[PDB]
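We've got the same protein chain twice here, in two forms, each standing alone as structure tokens: structure 1 and structure 2.
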Structure 1
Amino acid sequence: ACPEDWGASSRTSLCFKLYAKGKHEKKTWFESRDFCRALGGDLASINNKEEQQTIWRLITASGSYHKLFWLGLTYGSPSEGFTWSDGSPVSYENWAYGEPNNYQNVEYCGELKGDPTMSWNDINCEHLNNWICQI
């Protein structure tokens, strides 16, 4: 079961919460990770298409599209490539076309484009974004 405002009550329920903020309250990737971890959770990992649907549904209920959200995607070692901050394997991927491209060699964190594509892009970790936590 999920906490109130994070999901449903069934044993298989996955718990996510959107944090959409104005520019003066958006956070870097590391700040967002720390915020979610302070609650006992982490930045959201999207481990399969079912979790993707869950998050997309939350976005539709928000009444706001096209927003960008930090996910728990962070680059590891050169041989690892991208990892999830919660330690789960990156088995499922939904990178946008041509991503991750490490554009200009400065893109080590992953963001979700909150539109129907639900696609991922690697971007500079110091950008200020909205974020999604899990618990």
Structure 2
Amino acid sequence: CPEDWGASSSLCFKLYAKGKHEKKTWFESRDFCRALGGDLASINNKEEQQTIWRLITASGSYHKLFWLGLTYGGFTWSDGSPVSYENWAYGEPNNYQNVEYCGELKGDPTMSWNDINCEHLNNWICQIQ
């Protein structure tokens, strides 16, 4: 793995929790990780989770929340029929997009996930190959 990046025993993870003043939104966090050649960290098994936890330990970043690459995201007819026709007014539909939800990691031994407004300022975790 790159310059000190949690080595999955596969994937490399790196925490980013410098200060509460430079926390980013999910989108910014994702741009930051992508500009590095990777992306926001994805957790696909217990192993990957232990790794991030060791990183949290090794750095003393207990209890901090981190953005993970978790993201959520059309209209259907109730009766089941297919949407073979549309007559939306200009710009419609549009409400189903004023808010989006993303998943954050609770940095304690439970290592649990919670979804929240993708616009919250948070620490984040990247993953490079």
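Definition used throughout: the rigid core is the maximal C-alpha set that superposes within 1.5 Å between two forms. Reference numbering: structure 1, starting with residue 1. Only residues modelled in both forms are compared.
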Legend entry - Answer among 107, 31, 42, 51 for the CA shift between structures 1 and 2 that reaches 2 Å or more, rigid core superposed: 107
Legend entry - Residue shift check between structures 1 and 2, rigid core fit, residue 68 Cα at least 2 Å: no
Inset, instruction - Any chance you could measure the C-alpha shift of residue 86 between structures 1 and 2 with the core superposed, in Å? - result: 35.3
Inset, instruction - Quick one: how many Å does the C-alpha of residue 22 shift between structures 1 and 2 once the rigid core is superposed? - result: 1.8
Inset, instruction - Could you point out the stretches of 3 or more consecutive residues whose C-alpha atoms all move by 2 Å or more between structures 1 and 2 when the rigid core is superposed? - result: 7-10, 81-107
